[PDB]
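Trainee: Take this structure, written in structure tokens, and hold onto it; I'll ask about it next.
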Amino acid sequence: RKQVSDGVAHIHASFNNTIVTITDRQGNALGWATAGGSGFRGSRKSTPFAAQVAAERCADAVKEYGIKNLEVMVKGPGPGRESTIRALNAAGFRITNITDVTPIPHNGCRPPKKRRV
Amino acid sequence: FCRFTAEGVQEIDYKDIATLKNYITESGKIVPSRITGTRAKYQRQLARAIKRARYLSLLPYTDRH
Amino acid sequence: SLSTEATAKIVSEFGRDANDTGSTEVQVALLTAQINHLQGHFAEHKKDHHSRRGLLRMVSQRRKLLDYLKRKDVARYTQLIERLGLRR
Amino acid sequence: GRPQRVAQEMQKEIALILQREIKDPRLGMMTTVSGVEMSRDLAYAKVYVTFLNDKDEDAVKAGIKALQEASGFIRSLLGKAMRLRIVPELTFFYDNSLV
Amino acid sequence: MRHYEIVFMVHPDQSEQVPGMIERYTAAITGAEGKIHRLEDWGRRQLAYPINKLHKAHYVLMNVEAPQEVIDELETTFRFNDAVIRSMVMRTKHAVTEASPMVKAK
RNA sequence: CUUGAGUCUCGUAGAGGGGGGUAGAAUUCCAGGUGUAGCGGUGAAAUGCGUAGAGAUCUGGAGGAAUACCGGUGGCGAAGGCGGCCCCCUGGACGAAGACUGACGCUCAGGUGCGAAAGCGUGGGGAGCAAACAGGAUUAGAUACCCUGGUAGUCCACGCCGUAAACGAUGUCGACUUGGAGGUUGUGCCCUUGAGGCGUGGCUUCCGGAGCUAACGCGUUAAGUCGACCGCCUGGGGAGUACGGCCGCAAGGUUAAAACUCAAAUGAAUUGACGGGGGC
Ligand SMILES: [Mg+2]
Ligand SMILES: [Mg+2]
Ligand SMILES: [Mg+2]
Ligand SMILES: [Mg+2]
Ligand SMILES: [Mg+2]
Ligand SMILES: [Mg+2]
Ligand SMILES: [Mg+2]
Ligand SMILES: [Mg+2]
Ligand SMILES: [Mg+2]
Ligand SMILES: [Mg+2]
Ligand SMILES: [Mg+2]
Ligand SMILES: [Mg+2]
Ligand SMILES: [Mg+2]
Ligand SMILES: [Mg+2]
Ligand SMILES: [Mg+2]
Ligand SMILES: [Mg+2]
Ligand SMILES: [Mg+2]
Ligand SMILES: [Mg+2]
Ligand SMILES: [Mg+2]
Ligand SMILES: [Mg+2]
Ligand SMILES: [Mg+2]
Ligand SMILES: [Mg+2]
Ligand SMILES: [Mg+2]
């Protein structure tokens, strides 16, 4: 409801979903839409088209906060980073920088065993 | 290439931040000798000096802070 | 290992002259000095097996040096093994 | 196993080893992978890479060229990573998402 | 009787407390028959990452030639003092009496 | 006697070993700020999670385990193995120039020690991971593969176990025999000196000559030419099994047969066939 006019969009790009959330520069969130919550499931739940649909649905819920300046931070090399980026770029937003911030450990924990498929 | 051999330095100071910044990326991770052309001995010295400088907070570990 | 001062003193003591570092006597003396010193190390680092491999090697070579000395001239052999308190 | 399950898994693994374990400055652009399709036999696989830089062929050409030249390296990484039988031969293709 | 490079940082809120600690440590290491070959007070500097939600720490360097005992109780004092946030003790085969790059800029 | 083997002196490189500290990412959890209906998962799904407010996001804290980048067709170690940084204790290797000892050497049945992982005993710890197990699916069937959970275990201390495709499937030591291209680590001398040139050692990777080999291949780090000692083999199966001994808390290890059965079993290379392949 207020005016910040300079926010940041976290894009959790999972291999099964894509979570876009715009937040105040100090981590306080404003709104969010998901590729799942945009009426998609199964395969389509993780397709770039559904990713851009979710990006636009989330943009349509923060426009009343009055922002068109964004930095975006992407996490997870899932399909649906390119899509949401170009979507929120085609939503009248000005993106100053895009940043890969996926959490990479320095050999922290043992990962789950590989799937035998 | 092999700049340290031209310098002739016995050891690379971890206090020489100006020099060390030329061997880390913006991410803050060490650059392999494969592209800087550094001799293996001096690349090991660089790795040790950079890790020491990171400990003393003279260089960042990552770019996320 | 041994410090330079310790080795220099042991050479001067058991050797013929200052630069008699090769005699069997000074070799046995250096070996037993290092062994006695390493006893304290292995009293607490009892699962340091690599250093213990090195120690066992030096014990073995002291043994064969002593055997060569006993076979060369038993008088000096006995005098040495009594000056160091060995072979008992 | 079924070629499409292996396709999904190999898409995950190629995306992973493509984001992290690359050093070719020719690569970059947050290179994503839209998917990968492979034959009934797991011997061959075609990856559909999607670049971000301007779609001008001067750059996407160089990207696919670098990918095809590093295919051996990516294949070695895949073979040690994803635990299958034959380490398929990889073929990269620009997925023209803009139609 | 080895050579040590001791670099430690001080809480910036105790910046003027620094020379006291400096001269105290030098007195301790010299009264232990241990020389001091260098001592540089780089002063306040901006950290490259937070340390206990903090930046602008007070860096100070020393080069000593001393026995190991005095060095270990010195690092013990470092640990049990709280005005110092982070210390570092390293060895050196020789003696270094020169200018650190953090004073050549000055 | 000094040429083998050692000692001393000065240095060099190293994830060699033991102990103690400490740092920064990440996973999990706990407490808050923001913020709302999904999250998670699959080839599709459900079990699972959330309206007590999850997931996502920022801040703070706890705890355990492992150390991205450097990183290497690298390095160290007898092998197994060893990877942040710092200190302490400590083993070996190598080089330069000398000095010293004077065959002090090599190999080694029995013996002694070390020896991945799993496992065992006692106590502690426990984030992640995960046999067994509990579900959800798939399937003719699933007691598998896939999914959600998840105990032992993985971690530490002290003992035990003593086995691996413990592999270079290549015992140790010494001498000798054409080359070429690298890596790594010393070092000598010379040039206006860094740079560069000419040497000379150690370790190591890859081609290849003679020679060897059934062939594949090996090829100065031999599987070449020789010497010293040790281990071991004698058709396949029975069987590394039985019995006995020794060892072990146990699991079992080690030593190690015969009857009987069959006329082969095997190694390397060759030509094709079979795709529910791939190119042109
Ligand atoms: Mg999927
Ligand atoms: Mg020695
Ligand atoms: Mg070590
Ligand atoms: Mg806990
Ligand atoms: Mg040493
Ligand atoms: Mg003589
Ligand atoms: Mg035996
Ligand atoms: Mg174990
Ligand atoms: Mg059991
Ligand atoms: Mg146990
Ligand atoms: Mg227990
Ligand atoms: Mg699990
Ligand atoms: Mg065996
Ligand atoms: Mg092995
Ligand atoms: Mg064998
Ligand atoms: Mg030989
Ligand atoms: Mg070696
Ligand atoms: Mg060859
Ligand atoms: Mg031979
Ligand atoms: Mg043969
Ligand atoms: Mg038989
Ligand atoms: Mg048996
Ligand atoms: Mg028995």
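Naming scheme: A, B, ... for chains in displayed order of the structure tokens; residues 1 onward per chain; ligands 1 onward as shown.
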Given a cut-off of 8 Å, what residues near ligand 19 show up using only C-alpha atoms (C1' of nucleotides) and all ligand atoms, put as an MDAnalysis selection string?

Mentor: chainID F and resid 222:224

Trainee: Hey, what does DSSP flag as strand (DSSP E) within range 5-96 of chain A? Can you give it to me as a list in words?

Mentor: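 Across range 5-96 of chain A, those assigned strand (DSSP E) are residues 7, 8, 9, 10, 11, 12, 19, 20, 21, 22, 23, 24, 29, 30, 31, 32, 33, 34, 69, 70, 71, 72, 73, 74, 75, 94, 95 and 96 of chain A.
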
Trainee: For the selection just defined, write its residues with N, CA and C atoms to a file, as a PDB file, in the first residue's frame.

Mentor:
ATOM      1  N   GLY A   7      12.747  -2.324  -5.286  1.00  0.00           N
ATOM      2  CA  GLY A   7      12.640  -3.610  -4.633  1.00  0.00           C
ATOM      3  C   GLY A   7      13.588  -4.626  -5.245  1.00  0.00           C
ATOM      4  N   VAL A   8      13.528  -5.841  -4.704  1.00  0.00           N
ATOM      5  CA  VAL A   8      14.351  -6.935  -5.209  1.00  0.00           C
ATOM      6  C   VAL A   8      13.511  -8.198  -5.300  1.00  0.00           C
ATOM      7  N   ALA A   9      13.696  -8.940  -6.382  1.00  0.00           N
ATOM      8  CA  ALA A   9      12.892 -10.118  -6.691  1.00  0.00           C
ATOM      9  C   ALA A   9      13.740 -11.372  -6.511  1.00  0.00           C
ATOM     10  N   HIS A  10      13.360 -12.204  -5.550  1.00  0.00           N
ATOM     11  CA  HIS A  10      13.976 -13.509  -5.384  1.00  0.00           C
ATOM     12  C   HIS A  10      13.268 -14.519  -6.271  1.00  0.00           C
ATOM     13  N   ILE A  11      14.047 -15.255  -7.056  1.00  0.00           N
ATOM     14  CA  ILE A  11      13.530 -16.252  -7.984  1.00  0.00           C
ATOM     15  C   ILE A  11      14.117 -17.596  -7.581  1.00  0.00           C
ATOM     16  N   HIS A  12      13.384 -18.346  -6.769  1.00  0.00           N
ATOM     17  CA  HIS A  12      13.763 -19.707  -6.404  1.00  0.00           C
ATOM     18  C   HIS A  12      13.363 -20.621  -7.551  1.00  0.00           C
ATOM     19  N   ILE A  19       9.524 -19.965  -7.715  1.00  0.00           N
ATOM     20  CA  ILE A  19       8.917 -19.097  -6.716  1.00  0.00           C
ATOM     21  C   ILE A  19       9.497 -17.704  -6.894  1.00  0.00           C
ATOM     22  N   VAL A  20       8.689 -16.779  -7.393  1.00  0.00           N
ATOM     23  CA  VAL A  20       9.095 -15.389  -7.536  1.00  0.00           C
ATOM     24  C   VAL A  20       8.447 -14.580  -6.424  1.00  0.00           C
ATOM     25  N   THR A  21       9.258 -13.807  -5.710  1.00  0.00           N
ATOM     26  CA  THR A  21       8.755 -12.964  -4.632  1.00  0.00           C
ATOM     27  C   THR A  21       9.490 -11.635  -4.648  1.00  0.00           C
ATOM     28  N   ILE A  22       8.736 -10.546  -4.686  1.00  0.00           N
ATOM     29  CA  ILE A  22       9.304  -9.207  -4.602  1.00  0.00           C
ATOM     30  C   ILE A  22       9.311  -8.770  -3.147  1.00  0.00           C
ATOM     31  N   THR A  23      10.431  -8.207  -2.712  1.00  0.00           N
ATOM     32  CA  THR A  23      10.604  -7.811  -1.330  1.00  0.00           C
ATOM     33  C   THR A  23      11.241  -6.435  -1.261  1.00  0.00           C
ATOM     34  N   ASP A  24      10.930  -5.747  -0.167  1.00  0.00           N
ATOM     35  CA  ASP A  24      11.642  -4.549   0.238  1.00  0.00           C
ATOM     36  C   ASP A  24      13.143  -4.816   0.292  1.00  0.00           C
ATOM     37  N   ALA A  29       9.102  -8.898   2.714  1.00  0.00           N
ATOM     38  CA  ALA A  29       8.466  -9.298   1.467  1.00  0.00           C
ATOM     39  C   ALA A  29       7.193  -8.500   1.224  1.00  0.00           C
ATOM     40  N   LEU A  30       6.730  -8.508  -0.027  1.00  0.00           N
ATOM     41  CA  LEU A  30       5.497  -7.823  -0.397  1.00  0.00           C
ATOM     42  C   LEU A  30       4.456  -8.790  -0.942  1.00  0.00           C
ATOM     43  N   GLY A  31       4.815  -9.613  -1.923  1.00  0.00           N
ATOM     44  CA  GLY A  31       3.893 -10.579  -2.487  1.00  0.00           C
ATOM     45  C   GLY A  31       4.664 -11.666  -3.201  1.00  0.00           C
ATOM     46  N   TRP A  32       3.928 -12.664  -3.683  1.00  0.00           N
ATOM     47  CA  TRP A  32       4.569 -13.819  -4.292  1.00  0.00           C
ATOM     48  C   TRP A  32       3.558 -14.603  -5.111  1.00  0.00           C
ATOM     49  N   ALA A  33       4.037 -15.179  -6.210  1.00  0.00           N
ATOM     50  CA  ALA A  33       3.264 -16.130  -6.993  1.00  0.00           C
ATOM     51  C   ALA A  33       4.163 -17.300  -7.355  1.00  0.00           C
ATOM     52  N   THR A  34       3.548 -18.458  -7.551  1.00  0.00           N
ATOM     53  CA  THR A  34       4.282 -19.681  -7.827  1.00  0.00           C
ATOM     54  C   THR A  34       3.820 -20.267  -9.149  1.00  0.00           C
ATOM     55  N   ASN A  69      11.737  -0.455 -10.244  1.00  0.00           N
ATOM     56  CA  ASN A  69      13.180  -0.652 -10.188  1.00  0.00           C
ATOM     57  C   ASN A  69      13.482  -1.900  -9.373  1.00  0.00           C
ATOM     58  N   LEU A  70      14.147  -2.868 -10.002  1.00  0.00           N
ATOM     59  CA  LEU A  70      14.377  -4.158  -9.374  1.00  0.00           C
ATOM     60  C   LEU A  70      15.793  -4.645  -9.639  1.00  0.00           C
ATOM     61  N   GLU A  71      16.399  -5.225  -8.612  1.00  0.00           N
ATOM     62  CA  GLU A  71      17.454  -6.211  -8.774  1.00  0.00           C
ATOM     63  C   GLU A  71      16.856  -7.572  -8.463  1.00  0.00           C
ATOM     64  N   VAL A  72      17.280  -8.594  -9.194  1.00  0.00           N
ATOM     65  CA  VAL A  72      16.741  -9.935  -9.013  1.00  0.00           C
ATOM     66  C   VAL A  72      17.875 -10.871  -8.632  1.00  0.00           C
ATOM     67  N   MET A  73      17.570 -11.812  -7.752  1.00  0.00           N
ATOM     68  CA  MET A  73      18.518 -12.817  -7.298  1.00  0.00           C
ATOM     69  C   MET A  73      17.917 -14.188  -7.562  1.00  0.00           C
ATOM     70  N   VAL A  74      18.573 -14.965  -8.407  1.00  0.00           N
ATOM     71  CA  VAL A  74      18.071 -16.269  -8.814  1.00  0.00           C
ATOM     72  C   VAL A  74      18.788 -17.355  -8.027  1.00  0.00           C
ATOM     73  N   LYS A  75      18.051 -18.416  -7.712  1.00  0.00           N
ATOM     74  CA  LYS A  75      18.583 -19.546  -6.970  1.00  0.00           C
ATOM     75  C   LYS A  75      18.009 -20.825  -7.549  1.00  0.00           C
ATOM     76  N   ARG A  94      12.201  -2.014 -14.561  1.00  0.00           N
ATOM     77  CA  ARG A  94      13.590  -1.709 -14.881  1.00  0.00           C
ATOM     78  C   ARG A  94      14.471  -2.571 -13.989  1.00  0.00           C
ATOM     79  N   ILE A  95      15.141  -3.549 -14.588  1.00  0.00           N
ATOM     80  CA  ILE A  95      16.053  -4.422 -13.861  1.00  0.00           C
ATOM     81  C   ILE A  95      17.470  -3.880 -14.003  1.00  0.00           C
ATOM     82  N   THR A  96      18.075  -3.511 -12.878  1.00  0.00           N
ATOM     83  CA  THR A  96      19.416  -2.946 -12.918  1.00  0.00           C
ATOM     84  C   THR A  96      20.497  -4.015 -12.959  1.00  0.00           C
TER      85      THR A  96
END

Trainee: Report as an mmCIF file with C-alpha atoms, in the first residue's frame the set of chain A residues whose atoms approach chain B to within 12 Å, with distances computed over only C-alpha atoms.

Mentor:
data_model
loop_
_atom_site.group_PDB
_atom_site.id
_atom_site.type_symbol
_atom_site.label_atom_id
_atom_site.label_comp_id
_atom_site.auth_asym_id
_atom_site.auth_seq_id
_atom_site.Cartn_x
_atom_site.Cartn_y
_atom_site.Cartn_z
ATOM 1 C CA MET A 73 18.518 -12.817 -7.298
ATOM 2 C CA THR A 99 22.684 -12.067 -9.849
ATOM 3 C CA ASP A 100 23.271 -15.785 -9.409
ATOM 4 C CA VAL A 101 23.063 -16.483 -5.675
ATOM 5 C CA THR A 102 22.494 -20.239 -5.514
ATOM 6 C CA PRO A 103 23.827 -21.595 -2.202
ATOM 7 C CA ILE A 104 27.048 -23.455 -3.010
ATOM 8 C CA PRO A 105 28.721 -25.092 0.011
ATOM 9 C CA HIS A 106 32.420 -25.566 0.641
#

Trainee: Taking a cut-off of 12 Å and counting only C-alpha atoms (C1' of nucleotides), can you build a table that, for each residue of range 2-54 of chain D near range 68-72 of chain F, reports the nearest atom pair and how far apart they are in Å (one decimal), sorted by chain then residue number, as a tab-separated table?

Mentor:
residue	atom	partner	partner_atom	distance
D:20	CA	F:68	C1'	10.3
D:21	CA	F:68	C1'	11.0
D:23	CA	F:69	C1'	11.8

Trainee: Write out the residues from the selection above, keeping N, CA, C and O atoms, as an mmCIF file, in the first residue's frame.

Mentor:
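What follows is the written file part-v7.cif:
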data_model
loop_
_atom_site.group_PDB
_atom_site.id
_atom_site.type_symbol
_atom_site.label_atom_id
_atom_site.label_comp_id
_atom_site.auth_asym_id
_atom_site.auth_seq_id
_atom_site.Cartn_x
_atom_site.Cartn_y
_atom_site.Cartn_z
ATOM 1 N N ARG D 20 27.813 -24.730 -12.600
ATOM 2 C CA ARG D 20 28.948 -24.650 -11.686
ATOM 3 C C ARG D 20 30.288 -24.920 -12.364
ATOM 4 O O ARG D 20 31.174 -24.061 -12.361
ATOM 5 N N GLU D 21 30.450 -26.104 -12.951
ATOM 6 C CA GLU D 21 31.776 -26.580 -13.349
ATOM 7 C C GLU D 21 32.061 -26.275 -14.820
ATOM 8 O O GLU D 21 32.230 -27.159 -15.655
ATOM 9 N N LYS D 23 34.522 -23.253 -17.081
ATOM 10 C CA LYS D 23 35.476 -22.158 -17.025
ATOM 11 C C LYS D 23 35.661 -21.454 -18.357
ATOM 12 O O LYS D 23 36.481 -20.535 -18.437
#

Trainee: What's around residue 3 in chain D at 6 Å? Count only C-alpha atoms (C1' of nucleotides), leave out sequence neighbours fewer than 3 positions away in its own chain, and write the answer as a ChimeraX atom specification.

Mentor: /D:6-7,40

Trainee: Show me which residues are within 12 Å of ligand 1 counting only C-alpha atoms (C1' of nucleotides) and all ligand atoms, and format the list as a ChimeraX atom specification.

Mentor: /A:14-17,41-47,78-79 /D:4-12,34-35 /F:41-44

Trainee: What are the closest atom pairs, with distances in Å to one decimal, for each residue of chain A lying within 7 Å of chain D, using only C-alpha atoms, rows by chain and rising residue number, as a tab-separated table?

Mentor:
residue	atom	partner	partner_atom	distance
A:77	CA	D:15	CA	6.4
A:79	CA	D:34	CA	5.9
A:82	CA	D:52	CA	6.8
A:114	CA	D:82	CA	6.7
A:117	CA	D:1	CA	5.6

Trainee: Would you save the residues from that selection as an mmCIF file, in the first residue's frame, using N, CA and C atoms?

Mentor:
data_model
loop_
_atom_site.group_PDB
_atom_site.id
_atom_site.type_symbol
_atom_site.label_atom_id
_atom_site.label_comp_id
_atom_site.auth_asym_id
_atom_site.auth_seq_id
_atom_site.Cartn_x
_atom_site.Cartn_y
_atom_site.Cartn_z
ATOM 1 N N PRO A 77 19.286 -23.844 -10.534
ATOM 2 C CA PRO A 77 19.413 -23.791 -11.992
ATOM 3 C C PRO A 77 18.273 -24.510 -12.688
ATOM 4 N N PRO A 79 14.822 -24.927 -14.972
ATOM 5 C CA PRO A 79 14.225 -24.261 -16.136
ATOM 6 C C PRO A 79 13.118 -23.327 -15.682
ATOM 7 N N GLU A 82 15.360 -17.836 -17.235
ATOM 8 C CA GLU A 82 15.191 -17.059 -18.459
ATOM 9 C C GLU A 82 13.761 -16.555 -18.602
ATOM 10 N N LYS A 114 22.527 -40.870 -5.551
ATOM 11 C CA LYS A 114 22.050 -40.704 -6.915
ATOM 12 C C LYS A 114 20.921 -41.678 -7.212
ATOM 13 N N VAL A 117 18.113 -44.591 -12.292
ATOM 14 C CA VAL A 117 17.092 -44.625 -13.324
ATOM 15 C C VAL A 117 17.755 -44.879 -14.673
#

Trainee: Dump the neighbourhood of ligand 20 as an MDAnalysis selection string: all residues within 10 Å, distances computed on only C-alpha atoms (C1' of nucleotides) and all ligand atoms.

Mentor: chainID F and resid 170 212:213 218 223

Trainee: Starting from chain F, keep only residues with some atom at most 8 Å from an atom of chain D, counting only C-alpha atoms (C1' of nucleotides), and report them as a ChimeraX atom specification.

Mentor: /F:43,276-278

Trainee: Which residues are near range 32-34 of chain C? Cut-off 8 Å, only C-alpha atoms (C1' of nucleotides), ignore same chain within fewer than 6 positions. Put them as a ChimeraX atom specification.

Mentor: /C:1-2,59,62,84

Trainee: Store the residues picked out above, limited to N, CA and C atoms, as a CSV table (one decimal), in the first residue's frame.

Mentor:
chain,number,residue,atom,x,y,z
C,1,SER,N,64.0,-33.7,14.8
C,1,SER,CA,65.3,-34.4,15.0
C,1,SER,C,66.2,-33.7,16.0
C,2,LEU,N,67.4,-34.0,16.0
C,2,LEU,CA,68.4,-33.4,16.9
C,2,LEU,C,68.8,-32.0,16.4
C,59,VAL,N,66.2,-47.5,15.4
C,59,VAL,CA,66.6,-48.5,16.3
C,59,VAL,C,67.3,-49.7,15.6
C,62,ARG,N,70.8,-48.8,14.5
C,62,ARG,CA,71.7,-48.8,15.6
C,62,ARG,C,72.1,-50.2,16.0
C,84,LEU,N,76.9,-45.7,27.2
C,84,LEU,CA,75.5,-45.3,26.8
C,84,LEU,C,74.5,-46.1,27.6

Trainee: May I have the residues of chain E within 12 Å of chain B, counting only C-alpha atoms, written as a VMD selection string?

Mentor: chain E and resid 5 to 10 42 45 to 51 53 to 61 85 to 90 92 to 94 96 99 to 105

Trainee: Have a look at atom 1 (Mg, counted along the ligand's line) of ligand 13 and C1' of residue 257 in chain F and let me know their distance in Å, one decimal.

Mentor: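 For atom 1 (Mg, counted along the ligand's line) of ligand 13 relative to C1' of residue 257 in chain F, the distance reads 19.7 Å.
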
Trainee: Can you work out which residues are within 8 Å of ligand 21, considering only C-alpha atoms (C1' of nucleotides) and all ligand atoms, and then hand them over as a PDB file with N, CA and C atoms (P, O5', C5', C4', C3', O3' and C1' of nucleotides), in the first residue's frame?

Mentor:
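After the write, out_4.pdb holds the following:
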ATOM      1  P     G F 235      46.674 -79.746 -12.379  1.00  0.00           P
ATOM      2  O5'   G F 235      45.594 -78.903 -13.179  1.00  0.00           O
ATOM      3  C5'   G F 235      45.977 -78.029 -14.226  1.00  0.00           C
ATOM      4  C4'   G F 235      44.814 -77.748 -15.136  1.00  0.00           C
ATOM      5  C3'   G F 235      43.496 -77.456 -14.441  1.00  0.00           C
ATOM      6  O3'   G F 235      43.376 -76.114 -14.015  1.00  0.00           O
ATOM      7  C1'   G F 235      43.145 -79.076 -16.096  1.00  0.00           C
ATOM      8  P     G F 236      42.476 -75.762 -12.738  1.00  0.00           P
ATOM      9  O5'   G F 236      40.982 -75.876 -13.269  1.00  0.00           O
ATOM     10  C5'   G F 236      40.508 -75.018 -14.294  1.00  0.00           C
ATOM     11  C4'   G F 236      39.092 -75.352 -14.684  1.00  0.00           C
ATOM     12  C3'   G F 236      38.089 -75.441 -13.551  1.00  0.00           C
ATOM     13  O3'   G F 236      37.639 -74.182 -13.097  1.00  0.00           O
ATOM     14  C1'   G F 236      37.822 -77.299 -14.951  1.00  0.00           C
ATOM     15  P     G F 237      37.485 -73.915 -11.524  1.00  0.00           P
ATOM     16  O5'   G F 237      36.370 -74.951 -11.060  1.00  0.00           O
ATOM     17  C5'   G F 237      35.002 -74.695 -11.323  1.00  0.00           C
ATOM     18  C4'   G F 237      34.134 -75.908 -11.101  1.00  0.00           C
ATOM     19  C3'   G F 237      33.901 -76.339  -9.667  1.00  0.00           C
ATOM     20  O3'   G F 237      32.969 -75.529  -8.979  1.00  0.00           O
ATOM     21  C1'   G F 237      34.330 -78.232 -10.993  1.00  0.00           C
TER      22        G F 237
END

Trainee: One decimal, in Å: what's the spacing between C1' of residue 230 in chain F and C1' of residue 106 in chain F?

Mentor: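 Going from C1' of residue 230 in chain F over to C1' of residue 106 in chain F, I get 11.8 Å.
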
Trainee: Taking only C-alpha atoms (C1' of nucleotides) and all ligand atoms and a cut-off of 12 Å, can you tell me which residues surround ligand 16, written as a list in words?

Mentor: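 Written in the requested form, the residues are residues 171, 172, 173, 174, 175, 176, 220, 221, 222, 226 and 227 of chain F.
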
Trainee: Find the residues around residue 65 in chain D up to 12 Å (only C-alpha atoms (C1' of nucleotides) counted), leave out those fewer than 2 positions away in its own chain, and share them as a PyMOL selection string.

Mentor: chain D and resi 24+26-27+49+57-63+67-71+91-94

Trainee: From the options B:53, B:47, B:12, B:35, which residue's atoms come nearest to chain F, counting only C-alpha atoms (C1' of nucleotides)?

Mentor: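 Ranked by minimum distance to chain F, first place goes to B:47.
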